[PDB]
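*Asks:* Give me a model of this one.
(4 chains, ligands or ions: 7)
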Amino acid sequence: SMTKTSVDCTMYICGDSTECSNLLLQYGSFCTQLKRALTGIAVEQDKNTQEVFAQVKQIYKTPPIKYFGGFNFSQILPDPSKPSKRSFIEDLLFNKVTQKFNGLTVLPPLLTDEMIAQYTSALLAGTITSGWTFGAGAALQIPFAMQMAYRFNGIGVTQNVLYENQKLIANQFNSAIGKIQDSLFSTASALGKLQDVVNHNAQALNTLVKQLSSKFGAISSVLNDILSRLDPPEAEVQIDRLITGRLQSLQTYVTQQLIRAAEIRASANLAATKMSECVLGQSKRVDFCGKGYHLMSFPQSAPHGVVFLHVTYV
Amino acid sequence: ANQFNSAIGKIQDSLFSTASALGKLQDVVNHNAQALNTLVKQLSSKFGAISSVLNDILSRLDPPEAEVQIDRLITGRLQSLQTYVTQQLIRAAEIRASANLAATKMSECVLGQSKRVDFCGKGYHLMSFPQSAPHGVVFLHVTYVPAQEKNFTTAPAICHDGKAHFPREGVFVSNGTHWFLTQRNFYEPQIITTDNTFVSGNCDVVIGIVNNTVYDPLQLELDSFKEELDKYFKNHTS
Amino acid sequence: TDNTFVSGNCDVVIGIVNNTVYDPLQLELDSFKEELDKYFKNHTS
Amino acid sequence: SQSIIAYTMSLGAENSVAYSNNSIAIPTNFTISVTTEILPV
Ligand SMILES: *[C@@H]1O[C@H](CO[C@@H]2O[C@@H](C)[C@@H](O)[C@@H](O)[C@@H]2O)[C@@H](O[C@@H]2O[C@H](CO)[C@@H](O)[C@H](O)[C@H]2NC(C)=O)[C@H](O)[C@H]1NC(C)=O
Ligand SMILES: *[C@@H]1O[C@H](CO[C@@H]2O[C@@H](C)[C@@H](O)[C@@H](O)[C@@H]2O)[C@@H](O[C@@H]2O[C@H](CO)[C@@H](O)[C@H](O)[C@H]2NC(C)=O)[C@H](O)[C@H]1NC(C)=O
Ligand SMILES: *[C@@H]1O[C@H](CO)[C@@H](O[C@@H]2O[C@H](CO)[C@@H](O)[C@H](O)[C@H]2NC(C)=O)[C@H](O)[C@H]1NC(C)=O
Ligand SMILES: *[C@@H]1O[C@H](CO)[C@@H](O[C@@H]2O[C@H](CO)[C@@H](O)[C@H](O)[C@H]2NC(C)=O)[C@H](O)[C@H]1NC(C)=O
Ligand SMILES: *[C@@H]1O[C@H](CO)[C@@H](O[C@@H]2O[C@H](CO)[C@@H](O)[C@H](O)[C@H]2NC(C)=O)[C@H](O)[C@H]1NC(C)=O
Ligand SMILES: *[C@@H]1O[C@H](CO)[C@@H](O)[C@H](O)[C@H]1NC(C)=O
Ligand SMILES: *[C@@H]1O[C@H](CO)[C@@H](O)[C@H](O)[C@H]1NC(C)=O
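*Replies:* Numbering: from 1, shown residues only, chains lettered A, B, ... in the order given. Ligands and ions are numbered 1, 2, ... in the order given. Here you go:
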């Protein structure tokens, strides 16, 4: 999801100028379309954020003692000793990922970060305490060793390979999840998409609100100066010129926002598919849920996105 | 069959009374109608000219003076048309993405059985049936959902004669006194035999391996015939 | 009996048909038992 | 006296999976469900 923004036509274009506001009335519904487009974008952002994470009927919870057959999940299970129940990796992602005064308000997301963290924790608890059974109706508990035997049998490896190599596999998984916190922020590569989304939104807002200093051919970029220094009939031309310039700026901003909203909705549909398949089950699709034979995945909430920890067998 | 009939009977009540779904096609129609209405209402604007009707401006002005008003109205209407076409193009891209998804769903759920989780319904997908709706398609995903769960005590393997016996298919369960082998999505307990188990190594490596008796039908029949043969031999000797 | 698994009785399925299901072990055991019985009968008389 | 009430969202009934150590849950029945999915074409 991207940042939800709302725009006021009159305040941005002809703020606190009755005559300028009246002159805008000659363009008809030239900006009710803008308002409707931005409202649709915001509602779609809420729909994306709900569709990606809200895939569990109930909020599952891990048992008080965290022992899952030797697999160390302490780096993705919730940490109670925090104001928001976010795991270690979730907290690191939140920390790493870091204009209103002219009719540009930013709406807050419908789901708080605490609620997204709760959804992620519920999905993780279900996927480690109930296998894939929680994505197909009622959640049926199963020991984690038998669930890893499930997943090994699902990729053409007999379960005795896991049962005779439970210790080595557990150590390998613990080490592999140990290296995530170093292969996430220091090697660049990934994690640039959420930062790019944030930067694109902030930059678009700044560019749209920087157009107020342009002249577009008028005498001055300040409405009050033109109003005071000129008689009404002659100042009408310059006010119309500024109105045209600011309307073009607003329409350009709205168009780029719509295009970016379509791209982000495509990404969010892909993320929802990835959650439903990689997380809520075992995927036989190649390269869809990691490089190798997919075993089972984990979601981690991130600012304006989701992070998957794809466990694979190689 | 009774469950399927009841489920299909309720499809005409949970589709038009609970709202939820069936709002996407109506939303598409509403978006198209609203865009067209906004485009047609832009013909009443002046955009700074003296009138929104070209006939009036043509009648009341000389050509060289009327050029300016005509050009102003042309600019306004051209901007409106450009906006409408851009919004239509973006909506067309979104609708084409949805239509590609619909074709994929048809091919992979109606024309076959899908192992993709939650792609063709919440549960284990059995089949889907398509229905035609105005400017869209409707699927009826038949799914298999386990309902009544009873939890047993499990074990990864069974060490019978110093060898670990893993399940060929399913999991080992016990109701408290005896151990069975049942399938994985339904409680169908079966006696643990060598036909549904395979041996890999001893029972010193598997964690949680549970002692039980692995029944061998071949050895049972061999002992049954051997006892009779021995009895006959003993009777013949004395 | 290798490629067919038994489940319940025949009064539950709709469309179940009669047919003989060949048993390899049973056939071999019957053959060897008949041979042994013939040998014992020859030995007795 | 019906009125407008504002409340915090509910993410679902709080359920704790009875994840034991050597216990598994196996269904003894099932339910055929016919869901719906509407996609603009
Ligand atoms: C599982 O059983 C083995 C085998 O024990 C044999 O079979 C049993 C059913 C019972 O009849 C035993 O008396 C038989 O000997 C156990 O191995 C035994 O372990 C004990 C305890 O250390 C030892 O004194 C015996 O000598 C072992 N017997 C053999 C044949 O090696 C095994 O310990 C049992 N497992 C568990 C978890 O209790
Ligand atoms: C399938 O067979 C059953 C059982 O028939 C018996 O076993 C057969 C192998 C053969 O030896 C038969 O002669 C045996 O009777 C059939 O059920 C029988 O139906 C008849 C006719 O109504 C009835 O008189 C018998 O009592 C039934 N036998 C039993 C054990 O209930 C059944 O009809 C056969 N299926 C079909 C489609 O013909
Ligand atoms: C699971 O991972 C956690 C996190 O790394 C481990 O906790 C660490 O334990 C070491 C050894 O005592 C300490 O030096 C670290 O400070 C701990 N880290 C944290 C974040 O608390 C934990 O030991 C692991 N559990 C198992 C069973 O391997
Ligand atoms: C879960 O089962 C395993 C054995 O199958 C237990 O693992 C060890 O159990 C002893 C007590 O028998 C504990 O003192 C050890 O700490 C356990 N090992 C580890 C690595 O934690 C485990 O205790 C069993 N029970 C629970 C409640 O987890
Ligand atoms: C599985 O569930 C079905 C459906 O809920 C049960 O069938 C019901 O059985 C009761 C008791 O005989 C009848 O009153 C109902 O009319 C049946 N429902 C239907 C739709 O036919 C069935 O008994 C359950 N099976 C098991 C083994 O528990
Ligand atoms: C699973 O067993 C536990 C412990 O006895 C019990 O609380 C729970 O109800 C059982 N599950 C079901 C579905 O009955
Ligand atoms: C467990 O199941 C077996 C086989 O049906 C039965 O004989 C036994 O009594 C059952 N035990 C309990 C405690 O219900």
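
*Asks:* hey, C-alpha coordinates of stretch B:188-200 in CSV?
*Replies:* Only the C-alpha atoms of stretch B:188-200 are listed here, as CSV (Å, rounded to 0.1, in the frame of the first residue of the first chain):
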residue,chain,number,x,y,z
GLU,B,188,-10.1,-43.8,9.3
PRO,B,189,-8.0,-45.8,11.8
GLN,B,190,-6.3,-48.9,10.4
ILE,B,191,-4.1,-51.5,12.2
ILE,B,192,-0.4,-50.7,11.7
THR,B,193,1.0,-53.4,9.4
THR,B,194,4.1,-53.8,7.2
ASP,B,195,2.0,-53.0,4.1
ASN,B,196,1.4,-49.4,5.2
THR,B,197,4.8,-48.9,6.9
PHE,B,198,8.4,-48.8,5.8
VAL,B,199,11.6,-49.3,7.9
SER,B,200,14.6,-47.0,7.8
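
*Asks:* Is that stretch in proximity to ligand 5?
*Replies:* No: Stretch B:188-200 lies out of reach of ligand 5 by CB under 6 Å from any ligand atom, never closer than 11.0 Å. (Each C-beta comes from the backbone N, C-alpha and C, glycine too.)

*Asks:* Next, the buried residues of that stretch.
*Replies:* For stretch B:188-200, the neighbour count (16 or more other CB atoms under 10 Å in any protein chain shown) marks B:189, B:192, B:193, B:194, B:195, B:196, B:197, B:199, B:200 as buried.

*Asks:* Wait, the first one touches residue B:179, no?
*Replies:* No: at 9.2 Å, residue B:189 and residue B:179 do not qualify as touching, with contact defined as CB atoms under 8 Å.

*Asks:* quick one, helices of the chain?
*Replies:* All of this is about chain A. Remark: helices assigned in chain A by DSSP state H are A:9-14, A:18-24, A:32-53, A:88-96, A:113-129, A:144-153, A:159-163, A:166-178, A:192-210, A:223-229, A:232-274.

*Asks:* oops, I was thinking of chain B
*Replies:* Under DSSP H, chain B gives helices at B:2-9, B:24-41, B:54-60, B:63-105, B:217-237.

*Asks:* how about JSON lines for those helices, with mean neighbour count and distance to residue A:300 added?
*Replies:* As requested, these are exported to JSON lines (neighbours: other CB atoms under 10 Å in any protein chain shown; distance: least, CB to CB, whole Å):
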{"stretch": "helix B:2-9", "mean neighbour count": "12", "distance to residue A:300": "37"}
{"stretch": "helix B:24-41", "mean neighbour count": "14", "distance to residue A:300": "30"}
{"stretch": "helix B:54-60", "mean neighbour count": "13", "distance to residue A:300": "61"}
{"stretch": "helix B:63-105", "mean neighbour count": "15", "distance to residue A:300": "26"}
{"stretch": "helix B:217-237", "mean neighbour count": "11", "distance to residue A:300": "51"}
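
*Asks:* Quick check: which of these is nearest to ligand 5?
*Replies:* Checking these against ligand 5 by CB to the nearest ligand atom gives helix B:2-9 as the closest, at 4.8 Å.

*Asks:* Give me the distance from that closest one to the chain's centre.
*Replies:* 19 Å (CA atoms, centre = their mean, to the nearest Å).

*Asks:* What is that helix packed up against?
*Replies:* strand B:136-146, strand D:30-40 (3 or more CB pairs under 8 Å, 6 or more residues apart in numbering or on different chains; DSSP states H and E).

*Asks:* Write down the beta-bridge partners of residue B:131, one by one.
*Replies:* Following DSSP bridges, residue B:131 is listed with bridge partners residue B:138.

*Asks:* thinking again about what came up before, now for residue B:189 and residue B:179: what residues contact both?
*Replies:* Taking CB atoms under 8 Å, 6 or more residues apart in numbering or on different chains as the contact rule, residue B:189 and residue B:179 both touch residue B:173.

*Asks:* In space, what's closest to the closest residue to ligand 3 within chain B - neighbours in sequence excluded?
*Replies:* Distance from ligand 3 to each residue of chain B (CB to the nearest ligand atom) is smallest for residue B:207, at 15.2 Å. Excluding the flanking residues, the one nearest residue B:207 by CB to CB, 6 or more residues apart in numbering or on different chains is residue A:166, at 5.9 Å.

*Asks:* That neighbour touches residue A:143, doesn't it?
*Replies:* No: here residue A:166 lies out of contact with residue A:143, judged by CB under 8 Å, at a distance of 11.2 Å.

*Asks:* Overlap in contacts, those two.
*Replies:* residue A:69.

*Asks:* Go ahead and flag the most central residue of chain D.
*Replies:* In chain D, the C-alpha nearest the mean C-alpha coordinate belongs to residue D:12, at 7.0 Å (CA atoms, centre = their mean).

*Asks:* element containing it, please.
*Replies:* Here residue D:12, judged by DSSP states H and E, is contained in no helix and no strand.

*Asks:* What parts of chain B come near ligand 4?
*Replies:* Residues of chain B lying near ligand 4 (CB under 6 Å from any ligand atom): B:207, B:208.

*Asks:* can you rerun that using 5 Å?
*Replies:* Chain B comes close to ligand 4 at residues residue B:208, as judged by CB under 5 Å from any ligand atom.

*Asks:* what's the answer for chain A, then?
*Replies:* residue A:67.

*Asks:* Tally up the residues packed near the residue of chain D found nearest ligand 5, please.
*Replies:* Residue nearest to ligand 5 within chain D: residue D:29 (3.7 Å; CB to the nearest ligand atom). When neighbours are counted by other CB atoms under 10 Å in any protein chain shown, residue D:29 registers 11.
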